[PDB]
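I have placed the structure first, in the form of structure tokens, so that the comments after it can refer back to it.
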Amino acid sequence: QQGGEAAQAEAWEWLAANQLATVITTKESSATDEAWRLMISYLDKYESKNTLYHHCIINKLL
Amino acid sequence: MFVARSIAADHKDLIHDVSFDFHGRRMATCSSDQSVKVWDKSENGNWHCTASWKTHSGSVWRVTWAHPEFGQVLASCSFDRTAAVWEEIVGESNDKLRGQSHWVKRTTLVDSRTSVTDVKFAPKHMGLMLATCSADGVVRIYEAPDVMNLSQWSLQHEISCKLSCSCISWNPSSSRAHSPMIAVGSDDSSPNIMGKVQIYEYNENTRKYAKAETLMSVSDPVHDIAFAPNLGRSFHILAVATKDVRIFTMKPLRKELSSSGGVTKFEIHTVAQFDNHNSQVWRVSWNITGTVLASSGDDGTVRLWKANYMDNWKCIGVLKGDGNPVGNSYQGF
Amino acid sequence: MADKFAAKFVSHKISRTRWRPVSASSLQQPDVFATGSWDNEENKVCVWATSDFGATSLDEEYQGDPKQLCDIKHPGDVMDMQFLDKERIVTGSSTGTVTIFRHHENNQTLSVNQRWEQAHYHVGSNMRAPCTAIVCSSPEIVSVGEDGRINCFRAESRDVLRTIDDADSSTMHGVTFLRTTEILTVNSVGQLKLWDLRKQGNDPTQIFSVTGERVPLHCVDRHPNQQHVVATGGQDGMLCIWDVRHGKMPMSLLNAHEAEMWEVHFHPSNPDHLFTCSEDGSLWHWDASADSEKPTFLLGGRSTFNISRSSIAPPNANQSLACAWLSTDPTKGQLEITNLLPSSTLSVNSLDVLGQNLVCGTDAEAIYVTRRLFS
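Chains as they are written, first to last, in the deposited numbering: chain D, 1253 to 1314; chain C, 1 to 333; chain B, 1 to 375.
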């Protein structure tokens, strides 16, 4: 989020290693949307009944 | 040169709008008859009642078509607190056979409990969204992810637009260095309130719409609001319809260097203001090239305004639905 | 040089080649294509596949190959065969029968759908006749023949929907769209005739012939730079160009040859280059302008006697140049047709050009193709 073109270009190197390809992107794939959908997927698969990890990321954000 | 009849279609009620194909030949009438009538201009041109099916409850004010890359899909609004979505799907493989057609509600956005004052799809360059506004002062912003995945609709965004929403407008945008904006004309009545029209932008780093502007000047319930088609036009213009006619030019004078977004520095001129309709002006309709504007009001007349080589503006047509307009006209200085 | 050809000795005679369509609008070579027999082993229609474009195809002989897929045999020669849509096929029979298939590319078969068993015929002898030209704009279908009848059909019917008969009809050579529902032909009298699909009657709808050596015009086509201006070729060797949708007038009378223009066809990637095929014993690529001062496709080919690739350009400072198009008075000169003969070739009866790509099947028992028409 703080970086830019070099950041997203490098980040794709490990986004591919995390293997996300499904779902159409608009106006070409952007690492931002890539990470957002990645985290959403991590959520919807591993779902704790108490928003534990919601809290975790929120607190790192703060 | 087509003489006018008062004879109307079999709609036993007020006819609200008619929507035409963004690729041609196809039209449809929406009315208070609650039945949506799809007409098709034949090769001879004869348009006949090719389809008619119920779509809503209450007065179905507006039908909006979407380009077939959206699918052959349509939105519609009525007194049902919701917005209905129909794509026409047919059977079989169209090679030299034409099977049976069928109207499909992909979705209907419940839109909380608020009456959809306006609703329409989203522009190409920003992905495929759709916007709904209501007299709640709240604008809901729904999303369909994938191409075969149409029926599903998730409120991607919402913009709270102070007074009750009446008329909405998308900003044309086709540059990555440009941003999508929305103008909102309010039909609430408050002479006190200036800026009855509110303007929001997508600041991309914030990932979010902020208020770009208001028209601190406007205290008149806005009938309709209409961006001028501006994509090669290096600034923007706005047509604003109430009892009078407002035309504004918005030029990026400062685009910021490290503080862009929130508000960006634009000169706004009231480059035109007219009461020539001599009555309340309901709608202004743009030419798709963004060079022509039509204007109608209660007197059932339409005045037709263009820009010159000084870009200033003249009425080049005056069309009467309460009478018979006169012929040609041309002039210079 | 001009991108030499791949020649595949197919050991087969060719009459009709027509791209397998996908309608709408796209640039690729239809890899799939249906072929009507000149005489392959019998008269038949075969399915054939071509490794499109120099990209992903420089192999399977030298520069690609078409391959036989299946075939089904057909009474009466396939003089003409046009496609209603992606896989519905309409061919004329020398038996005077209109034949429509639905192709099965996956099953590699052709389905015998619809037959108008009845067609153009001779009177006073009670003999059958083939069809001169089929016209396919989906799904409306037009047929025209030697005797001069008019055969108007909606798709999918085994009985005549209409045959316009006249107190005046003649032999017909070539047809073309003028508009969506307007049609022109060149005839065997030196006759330019017009019709509208909706309005017809008795005796030809419109008839034309004028000064300028009216000769039996054999081939007509609408330009790859515009349709309502068309070009026709006939006996005299002069090409006649016209602008219509209800009235004729000459763009040009180009003295492009001294003898019959049997068939002419149009360059897609170059809306101003042409090709001509002729069973006078030759086949020419036609090019704008003349002279060897520009790359000569006037004597190009013929194995030896080759000449092309000459150029010079004025910088427009103190230099001036003028050409023929800038004159509007009729009777222009030759415009660069080159006949080509690799080592030996027989009657080439079908050819196709898509972009700068070209295919052609022949009576030379082989196929000739090029990726590029120039260099």
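Using N, Cα and C, we set each Cβ at its ideal position, and we do this for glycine too.
*Between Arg81/C and the rest of its own chain, which residues show a CB-CB distance below 7 Å, the 5 nearest in sequence each way excluded?*
Answer for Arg81/C: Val110, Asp111, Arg113, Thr114 and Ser115, listed in chain order.
*Report the residue ranges of all alpha helix (DSSP H) runs contained in full by the stretch 94–123 of chain C; include only those spanning at least 4 residues, in chain order.*
none
*Three or more beta-carbon pairs under 8 Å between the stretch 292–308 of chain C and the stretch 257–266 of chain C, yes or no?*
Three or more Cβ pairs closer than 8 Å define a contact, and the stretch 292–308 of chain C falls short of that threshold against the stretch 257–266 of chain C.
*Examine chain C for any beta-carbon lying closer than 8 Å to the beta-carbon of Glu140/B, and answer yes or no.*
no
*Using a threshold of 8 Å, state whether the C-beta atoms of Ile134/B and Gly76/B are closer than that.*
no
*In its own chain, which residues sit with a C-beta less than 7 Å from the C-beta of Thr108/C, not counting the 5 before and 5 after it?*
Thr82, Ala83, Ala84 and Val85
*What residues from chain A crowd round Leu217/B, counting only those whose CB sits closer than 9 Å?*
Protein chains D, C and B are contained in the structure displayed, whereas chain A is not.
*Reduced DSSP secondary structure (H/G/I, E/B, other) of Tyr62/B*: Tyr62/B carries a coil assignment under DSSP once its states are collapsed to helix, strand and coil.
*According to DSSP, what are the bridge partners of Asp71/B?*
DSSP lists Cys46/B as partners of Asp71/B.
_Cβ closer than 9 Å: which chain D residues qualify as neighbours of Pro229/C?_
The contacting residues do not exist; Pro229/C stays about 21 Å from chain D at best.
_Tell me whether the stretch 53–72 of chain C and the stretch 117–126 of chain B touch, counting them as touching only if at least three CB pairs, one residue from each stretch, are closer than 8 Å._
no
*Between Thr97/B and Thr109/B, what straight-line distance do the alpha-carbon atoms span, to the nearest angstrom?*
20 Å
*From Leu84/B to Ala75/C, what does the alpha carbon distance come to, in whole angstroms?*
Roughly 35 Å between the two C-alpha positions.
*Span of the beta strand (DSSP E) holding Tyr368/B?*
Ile367 to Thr370
*Taking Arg88/B as the query, report the chain C residues whose CB atoms sit under 9 Å from its CB, ordered along the chain.*
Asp95 and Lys96
*Can you give, in chain order, each stretch of the beta strand (DSSP E) that sits fully within the stretch 34–68 of chain C and has at least 3 residues?*
Within the stretch 34–68 of chain C, the beta strand (DSSP E) runs of at least 3 residues that lie entirely inside it are, in chain order, 35–40, 48–54 and 62–65.
_Cβ neighbours of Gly300/B in the same chain (closer than 6 Å, five flanking residues each side left out)_ = Take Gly300/B, set aside five residues on each side of it, and the residues of its chain with a beta-carbon closer than 6 Å to its own are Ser308 and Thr338, in chain order.
*Check whether the stretch 141–159 of chain C touches the stretch 88–95 of chain C, taking contact to mean three or more Cβ pairs, one atom from each stretch, closer than 8 Å.*
no
*Could you name the residues of the same chain whose beta carbon sits closer than 8 Å to that of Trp262/B, not counting the 5 residues immediately before and after it, in chain order?*
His218, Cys219, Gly233, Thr276, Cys277, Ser278, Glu279 and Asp280
_So, under 8 Å CB-CB, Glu143/C and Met126/C are touching, yes? Tell me the CB distance rounded to an integer number of Å._
At roughly 11 Å, the Cβ-Cβ gap does not stay under 8 Å, so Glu143/C and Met126/C are not in contact.
*Can you name the residues of chain C whose CB is closer than 8 Å to the CB of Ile1276/D?*
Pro145, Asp146 and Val147
_Cross-strand partners of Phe235/C (DSSP beta bridge)_ = The partner list for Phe235/C (beta bridge, DSSP) is empty, contrary to what the question assumes.
_Closest by C-alpha distance to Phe53/B, when choosing among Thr362/B, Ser252/B, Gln235/B and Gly355/B_ = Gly355/B
*Apart from the five residues on each side of it in sequence, which residues of its chain come closer than 7 Å, Cβ to Cβ, to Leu161/B?*
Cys152, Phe153 and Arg154
*Since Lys320/C sits in a beta bridge, which residues does DSSP pair it with?*
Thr301/C
*Under 8 Å between beta-carbons, which chain D residues line up against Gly127/C? List them in chain order, please.*
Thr1278 and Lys1279
_Unbroken beta strand (DSSP E) run spanning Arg254/C, endpoints_ = Where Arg254/C is concerned, the enclosing beta strand (DSSP E) stretches over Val245 to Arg254.
*Flag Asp85/B as yes if its beta-carbon sits less than 8 Å from any beta-carbon of chain C, otherwise no.*
yes
*Taking the alpha-carbon positions, what's the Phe374/B to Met1/B distance?*
7 Å
_By the 8 Å beta-carbon criterion, what residues does the stretch 156–168 of chain B contribute toward chain C?_
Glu156
*Identify whether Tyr200/C lies in helix, strand or coil by the three-state DSSP scheme.*
In the three-state DSSP reduction, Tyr200/C falls in the strand class (E or B).
_Given this structure, state the Cα-to-Cα distance separating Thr1303/D from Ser174/C, to the nearest angstrom._
Approximately 39 Å between the Cα atoms of the pair.
*Figure out for me which residue from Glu140/B, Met127/B and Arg179/B has the closest Cα to the Cα of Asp243/B.*
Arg179/B
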